[PDB]
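>>> sequence, then the experimental structure. Questions to follow.
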Amino acid sequence: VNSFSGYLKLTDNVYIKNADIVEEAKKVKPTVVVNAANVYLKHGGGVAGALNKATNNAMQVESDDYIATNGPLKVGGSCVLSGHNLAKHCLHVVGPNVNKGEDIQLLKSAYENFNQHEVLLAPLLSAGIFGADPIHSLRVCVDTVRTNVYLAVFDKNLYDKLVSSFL
Ligand SMILES: Nc1ncn(Cc2cccc(C(F)(F)F)c2)c2ncnc1-2
């Protein structure tokens, strides 16, 4: 038993809800929140800028120190940093950016990072401003993640479409 509420159960291990991930994180304070990161950990907008804003820019300060030491992430890769006021940990995961010509096949590699964590609150990777179709992202999630994932879907009309079309 965990503290996530109001999710629809899609499979043994995948749950979904129409929610802003920032609001879900503040209320639940999960062990792991997933950020939809880019390779530079430049959290300007989307999931990243909203989470970062909720941390009063502490996420960005920590991230800039990480990059100065380690260099950029790989597309499909991840790093674990602090969850600040939102979670114990933040798993920064880089999904492909379709608008930059990045291989959509790397979306599966991105979701594989979730399997290193028993329970996660996550958004639909590569959705929103990253230019991928949320319907495909959900399918890859279900077919790749084996740990327990609670998906916060920002858009209600897309949420209802994701549910109605789910196989
Ligand atoms: N605060 C937030 N900002 C951005 N996104 C990404 C996102 C934007 C637009 C649509 C969709 C989707 F999944 F419905 F297609 C996802 C968030 N997802 C959860 N919370 C979010």
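Looks like it arrived, so ask away. Numbering: from 1, shown residues only.

>>> any idea how far residue 13 is from the residue of the chain at minimum distance from the ligand?
The nearest approach of the chain to the ligand comes at residue 128, 2.9 Å away (C-beta to the nearest ligand atom). (C-beta placed from N, C-alpha, C; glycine too.) Residue 128 sits 23 Å away from residue 13 when distances are taken as C-beta to C-beta, to the nearest Å.

>>> check residue 82 too.
26 Å.

>>> between residue 128 and residue 13, point out the one with more neighbours.
Remark: of residue 128 and residue 13, residue 128 carries more neighbours, 18 against 14, as counted by other C-beta atoms under 10 Å.

>>> quick check: closest non-adjacent residue to that one.
Ranked by C-beta to C-beta, 6 or more residues apart in numbering and with sequence neighbours excluded, the top spatial neighbour of residue 128 is residue 46, at 5.0 Å.

>>> quick one: residues contacting the one you found.
Contact analysis of residue 46 by C-beta atoms under 8 Å, 6 or more residues apart in numbering lists 36, 128-130.

>>> so how far is residue 117 from it?
21 Å.

>>> coming back round to it: selection in ChimeraX covering whichever of the contacts of residue 46 are buried, please.
Applying 16 or more other C-beta atoms under 10 Å to the contacts of residue 46 leaves a buried subset, and the ChimeraX line that selects it is:
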select :36,128,130
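
>>> ok so, going back, the residue of the chain closest to the ligand contacts residue 47, doesn't it?
Yes - counting by C-beta atoms under 8 Å, residue 128 touches residue 47, with 7.1 Å between them.

>>> so what sits against both of these two?
Residues touching both residue 128 and residue 47 by C-beta under 8 Å, 6+ apart: residue 36.

>>> toward the C-terminus, what is the element adjacent to the helix or strand hosting residue 110?
Element membership for residue 110, per DSSP states H and E: helix 106-112. Sequence order places strand 119-122 as the next helix or strand after helix 106-112, per DSSP H and E.

>>> and the helix or strand just after that next one with the ligand, contact?
Using DSSP H and E, the helix or strand that follows strand 119-122 towards the C-terminus is helix 134-144. Yes - counting by C-beta under 6 Å from any ligand atom, the ligand has neighbours in helix 134-144: residue 134.

>>> pull the CA atoms of helix 134-144 into PDB?
Taking C-alpha atoms only, helix 134-144 is exported to PDB below (Å, rounded to 0.1, in the frame of the first residue of the first chain):
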ATOM      1  CA  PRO A 134       1.300  10.700 -25.800                       C
ATOM      2  CA  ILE A 135      -0.600   7.600 -27.000                       C
ATOM      3  CA  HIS A 136       2.800   6.000 -28.200                       C
ATOM      4  CA  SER A 137       4.600   7.100 -25.100                       C
ATOM      5  CA  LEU A 138       2.000   5.400 -22.900                       C
ATOM      6  CA  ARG A 139       2.300   2.200 -25.000                       C
ATOM      7  CA  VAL A 140       6.100   2.200 -24.700                       C
ATOM      8  CA  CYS A 141       5.800   2.800 -20.900                       C
ATOM      9  CA  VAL A 142       3.500  -0.200 -20.400                       C
ATOM     10  CA  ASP A 143       5.700  -2.400 -22.600                       C
ATOM     11  CA  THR A 144       9.000  -1.400 -20.900                       C
END
